[PDB]
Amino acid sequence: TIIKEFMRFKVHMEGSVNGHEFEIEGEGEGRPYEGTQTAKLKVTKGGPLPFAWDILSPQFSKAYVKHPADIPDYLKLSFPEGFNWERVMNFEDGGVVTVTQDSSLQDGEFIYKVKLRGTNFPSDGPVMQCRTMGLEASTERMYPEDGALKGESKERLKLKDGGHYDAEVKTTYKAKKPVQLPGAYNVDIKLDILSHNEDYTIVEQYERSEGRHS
């Protein structure tokens, strides 16, 4: 009854990257049980951003992961109260991003609130010079620990020169109430930028995410 086959969301992000402050507002929609979703993001303060969109793209929706019947869908089951998540991304050149997120259901729509901080990106590296061109498909290795659901992934940002620029990502996902946890499993993720204006103050992205066993 609570999570319909088709669901919209609204997202607000406040962030700082290498001391550059910004805000983003977005609107998304998708099919939670099919693991598909699309979002349109607008930079509302601090635009245009002087860094790679690709470090922000993974911060804009874990209710939209397709799960087999036998793996508890902890994050869908958390609604209507919802869940929080805390992420650390460690980039190979010493850049660090921390993210905190609150997910709730209000008036039939998911409501996302994101706070992000990025530091220690080299001024001449691929993030601050915008030399990335999207993310490779990734796998998030999920496991229960300390009464929460944790995830680890390796993100590979595509380089204008054909190589990759990598990050180690660790996320802890906590339902607001006690919700049945799964065992360990894998989530395959593919995030695509569909469109953007020339300065990436308007961006459309899509993600397909599906859970499976180890």
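For every residue, the number given is its place in the sequence shown, counted from 1.
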### Message
Going by the PDB record, how many residues of the deposited sequence fall between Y165 and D166 without any coordinates: none, 1 to 3, 4 to 9, or 10 or more?
### Response
none
### Segment of higher mean CA temperature factor, 155 to 163 or 45 to 53
155 to 163
## Note on the structure
As the entry reports it, the stretch among 124 to 132 and 74 to 82 with higher mean C-alpha B factor is 124 to 132
## Note on the structure
Entry-reported C-alpha B-factor of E25 relative to its chain, by third, is middle
### Message
Among the modelled residues of this chain, does the Cα B factor of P58 put it in the lowest, middle or highest third?
### Response
middle
#### Entry: CA B-factor placement of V97, once the chain's modelled residues are sorted into thirds
lowest
### Message
Based on the deposited C-alpha B factors for this chain, I'd like to know if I189 is in the lowest, middle or highest third.
### Response
middle
### Task
Check where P144 lands among this chain's C-alpha B-factors and tell me if it's the lowest, middle or highest third.
middle
